[PDB]
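> Give me a model of this one.
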Amino acid sequence: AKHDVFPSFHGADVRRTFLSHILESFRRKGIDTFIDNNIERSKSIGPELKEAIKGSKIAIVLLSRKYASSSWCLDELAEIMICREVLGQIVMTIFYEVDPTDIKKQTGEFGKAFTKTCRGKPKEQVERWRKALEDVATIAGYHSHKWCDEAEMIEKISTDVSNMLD
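Numbers count the residues shown, from 1 in each chain. Below, you will see the structure:
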């Protein structure tokens, strides 16, 4: 391995706000977290990114309302789920202002974003994304709606993340 945590997230939803606080809390607890610049990304994930997902003991899927609007995020998710079966890789889920049923069934606004993304995409690739989304929602995780204090929720994420890597 080469990182503790690979974060998978859609930047527009969370990068300025919620993710920034998670990263601050992770470095405070010394959790080695992969970071990647927003501008650089190519049309496909490509090889460097996949090696980072392979190299991470934990993958944290931060699921947000427009996460399905990014083909890049959906490609990250498929690689993470393949890593879960083949490698030991642990997958954690943060349901940020989204219900798992919409993730599981591709329904609601998350489904609408997914439907627009799949327009123009190979049938096998669409099925891989759809299956990964269906699998990912069964992973029990943290729900932003059900925590009164977001700072307190993040501190619990860090505590659980640190416990799994020590």
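
> neighbouring contacts of the helix or strand encompassing residue 74?
Here residue 74, judged by DSSP states H and E, is contained in helix 71-86. By Cβ atoms under 8 Å, 6 or more residues apart in numbering, the surrounding residues in contact with helix 71-86 are 6, 8-10, 41, 44-45, 49-50, 53-54, 59, 61, 67-68, 89-91, 117, 121, 128-129, 132-133, 135-136. For every residue, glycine as well, the C-beta is placed using N, CA and C.

> name the element the closest residue to residue 88 other than its chain neighbours belongs to?
Nearest non-adjacent residue to residue 88, counting by Cβ to Cβ, 6 or more residues apart in numbering: residue 57, 7.5 Å away. Following DSSP H and E, one finds residue 57 within strand 56-63.

> What is that strand packed up against?
Judged by 3 or more Cβ pairs under 8 Å, 6 or more residues apart in numbering; DSSP states H and E, strand 56-63 is in contact with strand 3-8, helix 18-28, helix 71-86, strand 90-95, helix 150-165.

> who wins for proximity to residue 36 among these?
Nearest of these to residue 36, taken as Cβ to Cβ: strand 3-8 at 8.9 Å.

> Show the subsequent helix or strand relative to the closest one.
helix 11-14.

> For that following helix, which helices and strands make contact with it?
Judged by 3+ Cβ pairs under 8 Å, 6+ apart, helix 11-14 is in contact with no other helix or strand.

> about what we covered before: angle of the strand holding residue 57 against helix 18-28?
Between the axes of strand 56-63 and helix 18-28, defined by axes from the mean of the first three to the mean of the last three Cα atoms, to 10 degrees, the angle is 150 degrees.

> can you list the residues that contact strand 56-63?
1-10, 14, 18-19, 22, 34, 53, 77, 80, 83-84, 88-96, 98, 103, 136, 139, 157, 161, 164-165.

> still on that earlier bit, mind giving me the ChimeraX command for buried ones among the contacts of helix 71-86?
In ChimeraX, this line selects whichever of the contacts of helix 71-86 come out buried by 16 or more other Cβ atoms under 10 Å:
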select :6,8,9,10,45,49,50,53,54,59,61,67,68,89,90,91,117,128,129,132,133,135,136
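
> Okay then, goodbye and thanks.
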